[PDB]
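S.K.: Sending over data22.pdb (PDB, C-alpha atoms (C1' of nucleotides) and all ligand atoms).
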ATOM      1  CA  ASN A  14     114.959 -23.184  53.115  1.00  0.00           C
ATOM      2  CA  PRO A  15     117.373 -20.967  55.063  1.00  0.00           C
ATOM      3  CA  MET A  16     120.448 -22.932  53.927  1.00  0.00           C
ATOM      4  CA  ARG A  17     119.479 -23.258  50.258  1.00  0.00           C
ATOM      5  CA  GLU A  18     121.160 -19.924  49.486  1.00  0.00           C
ATOM      6  CA  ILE A  19     124.169 -19.591  47.180  1.00  0.00           C
ATOM      7  CA  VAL A  20     127.533 -18.566  48.636  1.00  0.00           C
ATOM      8  CA  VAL A  21     131.004 -18.078  47.183  1.00  0.00           C
ATOM      9  CA  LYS A  22     133.239 -21.010  48.100  1.00  0.00           C
ATOM     10  CA  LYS A  23     136.664 -19.882  46.887  1.00  0.00           C
ATOM     11  CA  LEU A  24     138.327 -17.545  44.401  1.00  0.00           C
ATOM     12  CA  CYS A  25     141.393 -18.792  42.526  1.00  0.00           C
ATOM     13  CA  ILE A  26     144.005 -16.468  41.016  1.00  0.00           C
ATOM     14  CA  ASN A  27     146.411 -17.774  38.383  1.00  0.00           C
ATOM     15  CA  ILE A  28     149.350 -16.136  36.602  1.00  0.00           C
ATOM     16  CA  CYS A  29     150.641 -18.170  33.648  1.00  0.00           C
ATOM     17  CA  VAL A  30     153.998 -16.766  32.585  1.00  0.00           C
ATOM     18  CA  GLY A  31     156.601 -18.556  30.511  1.00  0.00           C
ATOM     19  CA  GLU A  32     160.190 -19.287  31.505  1.00  0.00           C
ATOM     20  CA  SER A  33     161.438 -20.155  35.007  1.00  0.00           C
ATOM     21  CA  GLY A  34     163.656 -17.220  35.948  1.00  0.00           C
ATOM     22  CA  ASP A  35     163.394 -13.764  37.455  1.00  0.00           C
ATOM     23  CA  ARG A  36     160.109 -13.208  35.615  1.00  0.00           C
ATOM     24  CA  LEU A  37     158.599 -16.011  37.679  1.00  0.00           C
ATOM     25  CA  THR A  38     160.236 -14.687  40.847  1.00  0.00           C
ATOM     26  CA  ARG A  39     158.826 -11.191  40.369  1.00  0.00           C
ATOM     27  CA  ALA A  40     155.378 -12.540  39.496  1.00  0.00           C
ATOM     28  CA  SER A  41     155.359 -14.518  42.742  1.00  0.00           C
ATOM     29  CA  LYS A  42     156.185 -11.362  44.698  1.00  0.00           C
ATOM     30  CA  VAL A  43     153.329  -9.499  43.017  1.00  0.00           C
ATOM     31  CA  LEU A  44     150.836 -12.291  43.666  1.00  0.00           C
ATOM     32  CA  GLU A  45     151.798 -12.777  47.309  1.00  0.00           C
ATOM     33  CA  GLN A  46     151.461  -9.006  47.684  1.00  0.00           C
ATOM     34  CA  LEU A  47     147.919  -8.805  46.306  1.00  0.00           C
ATOM     35  CA  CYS A  48     147.023 -12.080  48.051  1.00  0.00           C
ATOM     36  CA  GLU A  49     148.837 -11.492  51.392  1.00  0.00           C
ATOM     37  CA  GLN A  50     149.336 -15.258  51.305  1.00  0.00           C
ATOM     38  CA  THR A  51     152.139 -17.556  50.214  1.00  0.00           C
ATOM     39  CA  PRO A  52     151.707 -18.700  46.592  1.00  0.00           C
ATOM     40  CA  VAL A  53     152.846 -21.958  45.021  1.00  0.00           C
ATOM     41  CA  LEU A  54     154.635 -22.721  41.770  1.00  0.00           C
ATOM     42  CA  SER A  55     153.509 -25.097  39.037  1.00  0.00           C
ATOM     43  CA  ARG A  56     155.523 -27.269  36.664  1.00  0.00           C
ATOM     44  CA  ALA A  57     154.811 -28.281  33.087  1.00  0.00           C
ATOM     45  CA  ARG A  58     153.883 -31.791  31.961  1.00  0.00           C
ATOM     46  CA  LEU A  59     155.108 -32.357  28.396  1.00  0.00           C
ATOM     47  CA  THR A  60     157.820 -30.746  26.268  1.00  0.00           C
ATOM     48  CA  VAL A  61     156.709 -28.514  23.393  1.00  0.00           C
ATOM     49  CA  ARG A  62     159.158 -27.081  20.878  1.00  0.00           C
ATOM     50  CA  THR A  63     156.554 -24.561  19.712  1.00  0.00           C
ATOM     51  CA  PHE A  64     156.056 -23.159  23.219  1.00  0.00           C
ATOM     52  CA  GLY A  65     159.721 -23.620  24.145  1.00  0.00           C
ATOM     53  CA  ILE A  66     159.093 -25.467  27.409  1.00  0.00           C
ATOM     54  CA  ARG A  67     160.384 -28.736  28.843  1.00  0.00           C
ATOM     55  CA  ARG A  68     158.727 -31.321  31.053  1.00  0.00           C
ATOM     56  CA  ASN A  69     158.461 -30.555  34.788  1.00  0.00           C
ATOM     57  CA  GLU A  70     159.805 -27.013  34.539  1.00  0.00           C
ATOM     58  CA  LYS A  71     158.488 -24.095  36.584  1.00  0.00           C
ATOM     59  CA  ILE A  72     155.942 -22.139  34.554  1.00  0.00           C
ATOM     60  CA  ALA A  73     153.064 -20.607  36.508  1.00  0.00           C
ATOM     61  CA  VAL A  74     152.186 -19.461  40.024  1.00  0.00           C
ATOM     62  CA  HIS A  75     148.758 -19.490  41.648  1.00  0.00           C
ATOM     63  CA  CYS A  76     146.869 -19.299  44.932  1.00  0.00           C
ATOM     64  CA  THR A  77     143.376 -19.779  46.339  1.00  0.00           C
ATOM     65  CA  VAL A  78     141.535 -17.564  48.820  1.00  0.00           C
ATOM     66  CA  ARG A  79     138.502 -18.216  51.026  1.00  0.00           C
ATOM     67  CA  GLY A  80     136.647 -15.828  53.319  1.00  0.00           C
ATOM     68  CA  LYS A  81     136.256 -12.064  53.477  1.00  0.00           C
ATOM     69  CA  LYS A  82     139.427 -11.397  51.487  1.00  0.00           C
ATOM     70  CA  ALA A  83     137.927 -13.472  48.677  1.00  0.00           C
ATOM     71  CA  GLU A  84     134.835 -11.266  48.723  1.00  0.00           C
ATOM     72  CA  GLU A  85     136.719  -7.964  48.565  1.00  0.00           C
ATOM     73  CA  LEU A  86     139.182  -9.217  45.952  1.00  0.00           C
ATOM     74  CA  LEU A  87     136.213 -10.210  43.799  1.00  0.00           C
ATOM     75  CA  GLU A  88     134.737  -6.732  44.224  1.00  0.00           C
ATOM     76  CA  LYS A  89     137.942  -5.087  42.999  1.00  0.00           C
ATOM     77  CA  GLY A  90     137.995  -7.247  39.875  1.00  0.00           C
ATOM     78  CA  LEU A  91     134.389  -6.483  38.977  1.00  0.00           C
ATOM     79  CA  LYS A  92     135.136  -2.791  39.507  1.00  0.00           C
ATOM     80  CA  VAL A  93     137.942  -3.011  36.942  1.00  0.00           C
ATOM     81  CA  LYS A  94     135.500  -4.698  34.549  1.00  0.00           C
ATOM     82  CA  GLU A  95     132.754  -2.240  35.639  1.00  0.00           C
ATOM     83  CA  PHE A  96     130.544  -5.146  36.764  1.00  0.00           C
ATOM     84  CA  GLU A  97     130.004  -6.065  33.111  1.00  0.00           C
ATOM     85  CA  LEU A  98     130.343  -9.629  31.823  1.00  0.00           C
ATOM     86  CA  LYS A  99     129.232 -11.754  28.882  1.00  0.00           C
ATOM     87  CA  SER A 100     126.818 -14.636  28.426  1.00  0.00           C
ATOM     88  CA  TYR A 101     129.553 -17.170  27.642  1.00  0.00           C
ATOM     89  CA  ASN A 102     131.330 -16.763  30.978  1.00  0.00           C
ATOM     90  CA  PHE A 103     129.222 -19.064  33.188  1.00  0.00           C
ATOM     91  CA  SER A 104     129.630 -22.832  33.103  1.00  0.00           C
ATOM     92  CA  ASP A 105     126.792 -25.287  33.611  1.00  0.00           C
ATOM     93  CA  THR A 106     128.678 -26.334  36.742  1.00  0.00           C
ATOM     94  CA  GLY A 107     127.773 -23.005  38.328  1.00  0.00           C
ATOM     95  CA  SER A 108     131.014 -21.038  38.159  1.00  0.00           C
ATOM     96  CA  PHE A 109     132.354 -18.087  36.195  1.00  0.00           C
ATOM     97  CA  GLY A 110     135.548 -16.144  35.700  1.00  0.00           C
ATOM     98  CA  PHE A 111     137.268 -13.276  33.929  1.00  0.00           C
ATOM     99  CA  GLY A 112     140.691 -11.704  33.526  1.00  0.00           C
ATOM    100  CA  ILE A 113     142.429  -8.353  33.968  1.00  0.00           C
ATOM    101  CA  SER A 114     145.228  -7.370  31.608  1.00  0.00           C
ATOM    102  CA  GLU A 115     147.226  -4.957  33.810  1.00  0.00           C
ATOM    103  CA  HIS A 116     147.884  -5.660  37.484  1.00  0.00           C
ATOM    104  CA  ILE A 117     148.213  -1.910  38.104  1.00  0.00           C
ATOM    105  CA  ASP A 118     144.476  -1.251  37.823  1.00  0.00           C
ATOM    106  CA  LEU A 119     143.558  -3.196  40.971  1.00  0.00           C
ATOM    107  CA  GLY A 120     144.885  -0.349  43.119  1.00  0.00           C
ATOM    108  CA  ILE A 121     148.474  -1.435  43.730  1.00  0.00           C
ATOM    109  CA  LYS A 122     151.323   1.069  43.764  1.00  0.00           C
ATOM    110  CA  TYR A 123     153.450   0.410  40.697  1.00  0.00           C
ATOM    111  CA  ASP A 124     157.057  -0.570  41.311  1.00  0.00           C
ATOM    112  CA  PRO A 125     159.617  -0.032  38.514  1.00  0.00           C
ATOM    113  CA  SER A 126     161.295  -3.367  39.319  1.00  0.00           C
ATOM    114  CA  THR A 127     158.464  -5.921  39.351  1.00  0.00           C
ATOM    115  CA  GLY A 128     156.780  -4.683  36.175  1.00  0.00           C
ATOM    116  CA  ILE A 129     153.265  -5.161  34.844  1.00  0.00           C
ATOM    117  CA  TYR A 130     151.462  -8.512  34.715  1.00  0.00           C
ATOM    118  CA  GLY A 131     148.003  -9.814  33.925  1.00  0.00           C
ATOM    119  CA  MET A 132     145.964 -12.257  36.005  1.00  0.00           C
ATOM    120  CA  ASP A 133     143.012 -14.650  35.883  1.00  0.00           C
ATOM    121  CA  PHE A 134     140.069 -14.671  38.293  1.00  0.00           C
ATOM    122  CA  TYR A 135     137.856 -17.715  38.810  1.00  0.00           C
ATOM    123  CA  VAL A 136     134.958 -17.941  41.263  1.00  0.00           C
ATOM    124  CA  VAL A 137     133.283 -21.166  42.407  1.00  0.00           C
ATOM    125  CA  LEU A 138     129.779 -21.032  43.880  1.00  0.00           C
ATOM    126  CA  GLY A 139     127.852 -23.700  45.735  1.00  0.00           C
ATOM    127  CA  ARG A 140     125.311 -24.252  48.457  1.00  0.00           C
ATOM    128  CA  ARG A 141     126.034 -25.435  51.984  1.00  0.00           C
ATOM    129  CA  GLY A 142     126.501 -29.136  52.653  1.00  0.00           C
ATOM    130  CA  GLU A 143     128.731 -30.181  49.743  1.00  0.00           C
ATOM    131  CA  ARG A 144     131.229 -31.617  52.250  1.00  0.00           C
ATOM    132  CA  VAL A 145     129.480 -34.990  51.846  1.00  0.00           C
ATOM    133  CA  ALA A 146     131.466 -35.299  48.608  1.00  0.00           C
ATOM    134  CA  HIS A 147     134.771 -34.346  50.268  1.00  0.00           C
ATOM    135  CA  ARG A 148     134.864 -35.890  53.745  1.00  0.00           C
ATOM    136  CA  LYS A 149     137.078 -38.910  54.320  1.00  0.00           C
ATOM    137  CA  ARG A 150     134.396 -41.153  55.853  1.00  0.00           C
ATOM    138  CA  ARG A 151     131.076 -42.109  54.210  1.00  0.00           C
ATOM    139  CA  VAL A 152     131.592 -40.046  51.064  1.00  0.00           C
ATOM    140  CA  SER A 153     128.501 -39.744  48.865  1.00  0.00           C
ATOM    141  CA  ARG A 154     127.155 -37.544  46.066  1.00  0.00           C
ATOM    142  CA  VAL A 155     125.262 -34.284  46.407  1.00  0.00           C
ATOM    143  CA  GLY A 156     121.636 -34.372  45.337  1.00  0.00           C
ATOM    144  CA  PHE A 157     120.740 -33.260  41.834  1.00  0.00           C
ATOM    145  CA  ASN A 158     118.262 -30.547  42.816  1.00  0.00           C
ATOM    146  CA  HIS A 159     120.752 -29.369  45.439  1.00  0.00           C
ATOM    147  CA  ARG A 160     123.410 -28.842  42.775  1.00  0.00           C
ATOM    148  CA  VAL A 161     123.981 -25.346  41.414  1.00  0.00           C
ATOM    149  CA  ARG A 162     123.073 -24.818  37.764  1.00  0.00           C
ATOM    150  CA  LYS A 163     124.041 -22.138  35.275  1.00  0.00           C
ATOM    151  CA  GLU A 164     120.704 -20.302  35.210  1.00  0.00           C
ATOM    152  CA  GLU A 165     120.784 -19.704  38.963  1.00  0.00           C
ATOM    153  CA  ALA A 166     124.366 -18.450  38.616  1.00  0.00           C
ATOM    154  CA  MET A 167     123.582 -15.333  36.581  1.00  0.00           C
ATOM    155  CA  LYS A 168     120.512 -14.677  38.724  1.00  0.00           C
ATOM    156  CA  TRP A 169     122.806 -14.646  41.751  1.00  0.00           C
ATOM    157  CA  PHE A 170     125.161 -12.319  39.885  1.00  0.00           C
ATOM    158  CA  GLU A 171     122.469  -9.801  38.944  1.00  0.00           C
ATOM    159  CA  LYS A 172     121.139  -9.870  42.506  1.00  0.00           C
ATOM    160  CA  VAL A 173     124.392  -8.684  44.081  1.00  0.00           C
ATOM    161  CA  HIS A 174     125.401  -6.627  41.024  1.00  0.00           C
ATOM    162  CA  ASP A 175     123.881  -6.752  37.528  1.00  0.00           C
ATOM    163  CA  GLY A 176     125.346  -6.010  34.101  1.00  0.00           C
ATOM    164  CA  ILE A 177     125.449  -9.186  31.994  1.00  0.00           C
ATOM    165  CA  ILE A 178     125.376  -8.883  28.196  1.00  0.00           C
ATOM    166  CA  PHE A 179     123.952 -11.876  26.341  1.00  0.00           C
TER     167      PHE A 179
ATOM    168  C1'   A B   1     209.388 -82.422  13.299  1.00  0.00           C
ATOM    169  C1'   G B   2     204.555 -83.588  15.779  1.00  0.00           C
ATOM    170  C1'   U B   3     199.313 -82.690  15.919  1.00  0.00           C
ATOM    171  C1'   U B   4     194.619 -80.250  15.021  1.00  0.00           C
ATOM    172  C1'   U B   5     191.426 -77.821  11.727  1.00  0.00           C
ATOM    173  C1'   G B   6     183.160 -78.342  16.115  1.00  0.00           C
ATOM    174  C1'   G B   7     177.795 -80.016  15.692  1.00  0.00           C
ATOM    175  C1'   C B   8     172.653 -80.037  13.863  1.00  0.00           C
ATOM    176  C1'   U B   9     171.167 -80.353   8.671  1.00  0.00           C
ATOM    177  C1'   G B  10     164.601 -82.933   3.565  1.00  0.00           C
ATOM    178  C1'   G B  11     172.899 -85.332   0.651  1.00  0.00           C
ATOM    179  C1'   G B  12     177.096 -82.217   1.714  1.00  0.00           C
ATOM    180  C1'   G B  13     178.747 -76.937   1.225  1.00  0.00           C
ATOM    181  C1'   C B  14     177.135 -71.423   1.790  1.00  0.00           C
ATOM    182  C1'   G B  15     173.124 -69.714   4.900  1.00  0.00           C
ATOM    183  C1'   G B  16     170.600 -70.149   9.800  1.00  0.00           C
ATOM    184  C1'   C B  17     170.713 -71.738  15.312  1.00  0.00           C
ATOM    185  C1'   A B  18     165.830 -75.070  16.051  1.00  0.00           C
ATOM    186  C1'   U B  19     173.500 -75.880  20.474  1.00  0.00           C
ATOM    187  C1'   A B  20     172.027 -73.203  27.470  1.00  0.00           C
ATOM    188  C1'   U B  21     167.412 -70.703  28.269  1.00  0.00           C
ATOM    189  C1'   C B  22     161.724 -67.161  29.033  1.00  0.00           C
ATOM    190  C1'   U B  23     156.206 -65.842  27.174  1.00  0.00           C
ATOM    191  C1'   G B  24     151.679 -66.736  23.831  1.00  0.00           C
ATOM    192  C1'   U B  25     149.837 -70.455  20.062  1.00  0.00           C
ATOM    193  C1'   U B  26     150.172 -75.364  17.420  1.00  0.00           C
ATOM    194  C1'   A B  27     148.321 -78.910  21.913  1.00  0.00           C
ATOM    195  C1'   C B  28     142.913 -82.306  20.646  1.00  0.00           C
ATOM    196  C1'   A B  29     138.734 -78.248  28.329  1.00  0.00           C
ATOM    197  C1'   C B  30     144.012 -82.999  34.130  1.00  0.00           C
ATOM    198  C1'   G B  31     149.348 -83.550  33.267  1.00  0.00           C
ATOM    199  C1'   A B  32     152.691 -84.715  28.981  1.00  0.00           C
ATOM    200  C1'   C B  33     153.604 -84.048  23.124  1.00  0.00           C
ATOM    201  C1'   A B  34     157.347 -83.096  17.140  1.00  0.00           C
ATOM    202  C1'   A B  35     159.283 -80.194  12.822  1.00  0.00           C
ATOM    203  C1'   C B  36     165.344 -75.477   9.696  1.00  0.00           C
ATOM    204  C1'   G B  37     156.388 -74.985  12.597  1.00  0.00           C
ATOM    205  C1'   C B  38     154.117 -69.349  13.811  1.00  0.00           C
ATOM    206  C1'   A B  39     154.854 -64.397  16.778  1.00  0.00           C
ATOM    207  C1'   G B  40     158.474 -62.516  20.050  1.00  0.00           C
ATOM    208  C1'   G B  41     162.678 -62.201  24.161  1.00  0.00           C
ATOM    209  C1'   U B  42     167.621 -63.365  27.411  1.00  0.00           C
ATOM    210  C1'   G B  43     174.041 -62.766  28.993  1.00  0.00           C
ATOM    211  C1'   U B  44     171.710 -56.558  31.070  1.00  0.00           C
ATOM    212  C1'   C B  45     169.605 -52.429  34.502  1.00  0.00           C
ATOM    213  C1'   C B  46     168.504 -50.275  39.886  1.00  0.00           C
ATOM    214  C1'   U B  47     171.307 -47.273  47.261  1.00  0.00           C
ATOM    215  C1'   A B  48     166.783 -47.029  44.780  1.00  0.00           C
ATOM    216  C1'   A B  49     163.710 -48.665  40.345  1.00  0.00           C
ATOM    217  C1'   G B  50     164.969 -52.434  47.593  1.00  0.00           C
ATOM    218  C1'   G B  51     161.733 -52.150  52.965  1.00  0.00           C
ATOM    219  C1'   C B  52     157.620 -50.009  55.622  1.00  0.00           C
ATOM    220  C1'   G B  53     153.854 -46.104  57.198  1.00  0.00           C
ATOM    221  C1'   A B  54     150.735 -42.268  55.539  1.00  0.00           C
ATOM    222  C1'   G B  55     148.134 -39.335  51.883  1.00  0.00           C
ATOM    223  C1'   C B  56     146.156 -39.614  46.995  1.00  0.00           C
ATOM    224  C1'   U B  57     143.832 -41.657  42.011  1.00  0.00           C
ATOM    225  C1'   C B  58     145.174 -43.108  36.714  1.00  0.00           C
ATOM    226  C1'   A B  59     144.148 -43.036  30.649  1.00  0.00           C
ATOM    227  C1'   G B  60     140.528 -40.047  28.706  1.00  0.00           C
ATOM    228  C1'   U B  61     136.140 -36.873  27.979  1.00  0.00           C
ATOM    229  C1'   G B  62     132.910 -32.474  28.652  1.00  0.00           C
ATOM    230  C1'   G B  63     131.693 -27.124  30.612  1.00  0.00           C
ATOM    231  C1'   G B  64     134.574 -22.622  31.914  1.00  0.00           C
ATOM    232  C1'   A B  65     139.605 -18.115  32.543  1.00  0.00           C
ATOM    233  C1'   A B  66     144.425 -11.763  29.457  1.00  0.00           C
ATOM    234  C1'   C B  67     147.856 -12.646  25.996  1.00  0.00           C
ATOM    235  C1'   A B  68     146.714 -18.602  24.943  1.00  0.00           C
ATOM    236  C1'   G B  69     145.450 -20.984  19.504  1.00  0.00           C
ATOM    237  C1'   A B  70     144.121 -28.409  18.279  1.00  0.00           C
ATOM    238  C1'   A B  71     147.875 -28.433  21.901  1.00  0.00           C
ATOM    239  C1'   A B  72     151.105 -24.194  28.401  1.00  0.00           C
ATOM    240  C1'   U B  73     148.495 -23.268  33.492  1.00  0.00           C
ATOM    241  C1'   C B  74     143.872 -22.914  37.019  1.00  0.00           C
ATOM    242  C1'   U B  75     138.801 -24.939  38.154  1.00  0.00           C
ATOM    243  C1'   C B  76     134.212 -28.393  38.351  1.00  0.00           C
ATOM    244  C1'   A B  77     131.966 -33.093  36.947  1.00  0.00           C
ATOM    245  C1'   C B  78     132.009 -38.088  34.866  1.00  0.00           C
ATOM    246  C1'   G B  79     135.454 -41.798  34.630  1.00  0.00           C
ATOM    247  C1'   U B  80     135.634 -50.956  36.523  1.00  0.00           C
ATOM    248  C1'   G B  81     141.115 -49.257  35.071  1.00  0.00           C
TER     249        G B  81
HETATM  250 MG    MG A 201     143.132 -83.520  26.804  1.00  0.00          MG
HETATM  251 MG    MG A 202     146.613 -79.563  28.897  1.00  0.00          MG
HETATM  252 NA    NA A 203     178.130 -82.915   9.745  1.00  0.00          NA
END
Please express the file's structure as structure tokens.

M.R.:
Amino acid sequence: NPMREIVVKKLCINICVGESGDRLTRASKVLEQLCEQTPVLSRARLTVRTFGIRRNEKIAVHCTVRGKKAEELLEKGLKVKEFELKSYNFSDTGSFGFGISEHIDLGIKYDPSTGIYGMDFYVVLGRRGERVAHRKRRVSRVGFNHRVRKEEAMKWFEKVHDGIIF
RNA sequence: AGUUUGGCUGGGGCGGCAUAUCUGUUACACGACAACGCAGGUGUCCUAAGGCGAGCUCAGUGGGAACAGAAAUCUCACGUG
């Protein structure tokens, strides 16, 4: 069927830094730069003495991207990881992710003020017509065979660009 | 000089509060029912923790992502409470 193909729904970038000061402020500037889109902050839940954080205190910053920018951002990440992944990176849901250690490598001019950060990339894949599980009116469940499974995920990956090590 | 120096109570005293009151059970499938019977509360707190409209779904579990681990943040699914 023409609309049984697998497309990329969204790509989510997350930066999980500690503290709630200038480190968070600079990280937000870096993310909104690479994302050309306003990011949002996140607050903790519990209080942990070991991690030195309190409840509802600013910790991380993240954003989500859909469309062409999502596609090209994904390409840059795979280029940094030379289009090479591992077997234990794909979930049975039908998604996968990875992480770069230095934000310089993506092709961003280093600035001596912001510093160097690492980031997380997560990609969600699914067919067309999943809105039935998200619309306000007459919400239902997607069919089982229509759902995306893990085996089809790597096959999609190799099709666009191979290089998976089991 | 005048007067007073609580009560209940398996005698009275010391102890306790069964002295004004709320929930479950004793209580015998309407209602009502005792003991110093059992297990616990009350003399406060809130300009929002009051009023309404809208949006959302909780506890938890499983699969995934640099530092990150049993436990930090992001994502998908299940989830009659
Ligand atoms: Mg009767
Ligand atoms: Mg009765
Ligand atoms: Na007496």

S.K.: Taking all atoms listed in the file into account, name the residue in A:142, A:80, A:34, A:131 that is nearest to chain B.

M.R.: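 Once distances to chain B are computed over all atoms listed in the file, the minimum belongs to A:131.
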
S.K.: Throw together the list of residues within 8 Å of ligand MG 201 (chain A), counting all atoms listed in the file, and drop it here as a list in words.

M.R.: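 Checked against 8 Å with all atoms listed in the file; the hits are residues 28, 29 and 30 of chain B.
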
S.K.: Out of B:38, B:67, B:52, B:18, which residue has the shortest atom-to-atom distance to chain A when counting all atoms listed in the file?

M.R.: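 Result for the nearest residue to chain A: B:67.
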
S.K.: On this structure, the PyMOL selection byres ((chain A and not hetatm) within 9 of (chain B)) would catch which residues? List them as a PyMOL selection string, sorted by chain and number.

M.R.: chain A and resi 25-31+55-58+61+64+66+72-75+101-115+131-137

S.K.: Go ahead and write the selection's residues with C-alpha atoms as a tab-separated table (two decimals), in the coordinates of the input.

M.R.:
chain	number	residue	atom	x	y	z
A	25	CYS	CA	141.39	-18.79	42.53
A	26	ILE	CA	144.00	-16.47	41.02
A	27	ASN	CA	146.41	-17.77	38.38
A	28	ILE	CA	149.35	-16.14	36.60
A	29	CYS	CA	150.64	-18.17	33.65
A	30	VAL	CA	154.00	-16.77	32.58
A	31	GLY	CA	156.60	-18.56	30.51
A	55	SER	CA	153.51	-25.10	39.04
A	56	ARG	CA	155.52	-27.27	36.66
A	57	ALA	CA	154.81	-28.28	33.09
A	58	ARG	CA	153.88	-31.79	31.96
A	61	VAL	CA	156.71	-28.51	23.39
A	64	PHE	CA	156.06	-23.16	23.22
A	66	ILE	CA	159.09	-25.47	27.41
A	72	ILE	CA	155.94	-22.14	34.55
A	73	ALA	CA	153.06	-20.61	36.51
A	74	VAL	CA	152.19	-19.46	40.02
A	75	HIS	CA	148.76	-19.49	41.65
A	101	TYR	CA	129.55	-17.17	27.64
A	102	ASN	CA	131.33	-16.76	30.98
A	103	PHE	CA	129.22	-19.06	33.19
A	104	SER	CA	129.63	-22.83	33.10
A	105	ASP	CA	126.79	-25.29	33.61
A	106	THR	CA	128.68	-26.33	36.74
A	107	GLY	CA	127.77	-23.00	38.33
A	108	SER	CA	131.01	-21.04	38.16
A	109	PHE	CA	132.35	-18.09	36.20
A	110	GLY	CA	135.55	-16.14	35.70
A	111	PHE	CA	137.27	-13.28	33.93
A	112	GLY	CA	140.69	-11.70	33.53
A	113	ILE	CA	142.43	-8.35	33.97
A	114	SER	CA	145.23	-7.37	31.61
A	115	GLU	CA	147.23	-4.96	33.81
A	131	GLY	CA	148.00	-9.81	33.92
A	132	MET	CA	145.96	-12.26	36.01
A	133	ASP	CA	143.01	-14.65	35.88
A	134	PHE	CA	140.07	-14.67	38.29
A	135	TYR	CA	137.86	-17.72	38.81
A	136	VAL	CA	134.96	-17.94	41.26
A	137	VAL	CA	133.28	-21.17	42.41

S.K.: What gap, in Å, lies between atom CA of residue 59 of chain A and atom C1' of residue 57 of chain B?

M.R.: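 A separation of 20.0 Å between them.
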
S.K.: Around all the atoms of segment 41-55 of chain A listed in the file, with 3 Å of room on each side, what axis-aligned box do you get, giving centre and edge lengths in Å to one decimal, as lines of an AutoDock Vina configuration file?

M.R.:
center_x = 151.6
center_y = -17.0
center_z = 45.2
size_x = 15.2
size_y = 22.3
size_z = 18.4

S.K.: Can you list what the PyMOL selection byres (((chain B and resi 17) around 9) and not hetatm) grabs from this structure, as a list in words?

M.R.: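 Checking the PyMOL selection byres (((chain B and resi 17) around 9) and not hetatm) against this file, the residues are residues 8, 16, 18, 19 and 36 of chain B.
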
S.K.: Kindly indicate which residue among B:4, B:61, B:80, B:21 lies nearest to residue 43 of chain B, using only C-alpha atoms (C1' of nucleotides) for the distances.

M.R.: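 Ranking B:4, B:61, B:80, B:21 by distance to residue 43 of chain B, first place goes to B:21.
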
S.K.: When the PyMOL selection byres (((chain B and resi 23) around 10) and not hetatm) is applied to the structure above, which residues does it catch, written out as a PyMOL selection string?

M.R.: chain B and resi 22+24+40-41

S.K.: Counting all atoms listed in the file, what are the residues, protein, DNA or RNA alike, that approach ligand NA 203 (chain A) to within 12 Å? I want them as JSON, numbers by chain.

M.R.: {"B": [6, 7, 8, 9, 11, 12, 13]}

S.K.: Show which residues sit within 8 Å of residue 97 of chain A, as a ChimeraX atom specification. Count only C-alpha atoms (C1' of nucleotides), and ignore same-chain residues fewer than 4 positions away.

M.R.: /A:91,175-178

S.K.: Hey, what's within 12 Å of residue 43 of chain A if we count all atoms listed in the file and toss same-chain stuff fewer than 6 positions away? As a list in words, please?

M.R.: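 Using all atoms listed in the file, the neighbours found are residues 26, 27, 28, 36, 37, 49, 50, 51, 52, 74, 75, 76, 115, 116, 117, 119, 121, 122, 123, 124, 126, 127, 128, 129, 130, 131 and 132 of chain A.
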
S.K.: Pick from B:27, B:59, B:70, B:48: nearest to ligand MG 202 (chain A), with only C-alpha atoms (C1' of nucleotides) and all ligand atoms counted?

M.R.: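 When distances to ligand MG 202 (chain A) are compared using only C-alpha atoms (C1' of nucleotides) and all ligand atoms, the smallest one comes from B:27.
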
S.K.: What's the separation between atom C1' of residue 50 of chain B and atom CA of residue 68 of chain A, in Å to one decimal place?

M.R.: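 Pair atom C1' of residue 50 of chain B / atom CA of residue 68 of chain A returns 27.5 Å.
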
S.K.: I'd like the interatomic distance between atom CA of residue 33 of chain A and atom CA of residue 54 of chain A, to a tenth of an Å.

M.R.: 9.9 Å

S.K.: Just want the 12 Å neighbourhood of segment 143-153 of chain A, counted on all atoms listed in the file, with same-chain residues fewer than 2 positions away dropped. Output as a PyMOL selection string.

M.R.: (chain A and resi 16-17+19-20+22+138-141+155-157+159-161) or (chain B and resi 55-56+77)

S.K.: Using only C-alpha atoms (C1' of nucleotides) and all ligand atoms, can you tell me which of B:15, B:58, B:47, B:33 comes closest to ligand MG 202 (chain A)?

M.R.: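 With only C-alpha atoms (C1' of nucleotides) and all ligand atoms as the atom set, the closest residue is B:33.
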